[PDB]
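Enquirer:
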Amino acid sequence: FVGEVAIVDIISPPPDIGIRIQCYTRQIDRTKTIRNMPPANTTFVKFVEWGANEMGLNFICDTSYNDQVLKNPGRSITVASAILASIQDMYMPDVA
Amino acid sequence: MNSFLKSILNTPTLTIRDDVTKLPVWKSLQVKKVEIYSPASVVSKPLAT
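As given, the protein sequences belong to chains l and D, one line each in that order. Under the authors' numbering, read the first sequence as residues 97 to 192, first letter to last. Under the authors' numbering, read the second sequence as residues 1 to 49, first letter to last.
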């Protein structure tokens with residue numbers, strides 16, 4: 097697991113003081129924004145590649161939908177976190 | 001076994017005193033035993049330094 101701390105608590109009182117922590121993966125993106133304009137007319141794979149470069153992650157894509165043209169795929173994405181929701185939305189549920 | 005010759009500093013007499021009145025009470029009793037327990041809790045976790 098790799099993640100960032102989100103929520104803090106205290107569980108057990110003295111003599112033994114124990115704490116609880118909540119971590120989430122890629123939570124840094126919920127603050128970072130988008131500064132590279134997404135492609136207008138393009139195939140699925142290039143949209144995925146742009147998203148991977150924007151977030152900053154090594155990516156692998158292997159789908160039967162690799163040669164389908166999308167129009168205005170991500171022109172309504174506020175921060176970097178909604179990229180994944182965009183990618184999942186189009187070809188649900190076969191594409192995960 | 002004469003008794004009533006109680007040594008000082010350790011006179012084995014049970015005195016019960018009301019906390020607001022501060023006057024002895026129930027001096028009609030004849031006690032036979034007394035027990036005192038003083039527990040405490042100690043941590044049981046590995047701890048780090």
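Heads up, the beta-carbon is just placed ideally off N, CA and C, and yes, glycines get one too.
Using a beta-carbon distance below 9 Å, is l:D105 in contact with chain D?
Expert: no
Enquirer: Just to make sure I have the definition right: I need the residues of chain l whose C-beta is within less than 7 Å of the C-beta of D:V34. Which are they?
Expert: Result: empty, since nearest Cβ-Cβ is about 30 Å, beyond 7 Å.
Enquirer: Quick one: Cα of l:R171 to Cα of l:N132, how far?
Expert: 11 Å
Enquirer: Here's a check: name, in chain order, each residue in its chain whose Cβ is nearer than 8 Å to the Cβ of l:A148, leaving out the five neighbours to either side.
Expert: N154 and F155
Enquirer: Does the segment 114-134 of chain l come close enough to the segment 174-189 of chain l to have 3 or more Cβ pairs within less than 8 Å?
Expert: Enough Cβ pairs lie closer than 8 Å, so yes.
Enquirer: By DSSP, does l:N137 sit in helix, in strand, or in coil?
Expert: strand
Enquirer: Interface residues of chain D around l:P111 at Cβ under 7 Å?
Expert: Correct list: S41, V42 and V43.
Enquirer: Could you spell out where the alpha helix (DSSP H) holding l:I183 opens and where it closes?
Expert: Start and end: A178 to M186.
Enquirer: Could you check where the beta strand (DSSP E) with l:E100 kicks off and where it finishes?
Expert: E100 to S108
Enquirer: Can the beta-carbon of D:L9 be found less than 9 Å from the beta-carbon of D:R17?
Expert: no
Enquirer: According to the neighbour-count rule (16 or more other Cβ atoms, all chains shown, within 10 Å of its Cβ), is l:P169 buried or exposed?
Expert: buried
Enquirer: In the structure shown, what three-state DSSP assignment does D:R17 receive?
Expert: Three-state DSSP puts D:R17 in a strand.
Enquirer: Could you tell me the alpha carbon to alpha carbon distance between D:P12 and D:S38, rounded to whole angstroms?
Expert: 21 Å
Enquirer: Tell me whether l:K128 sits in a helix, a strand or coil according to DSSP, three-state version.
Expert: coil
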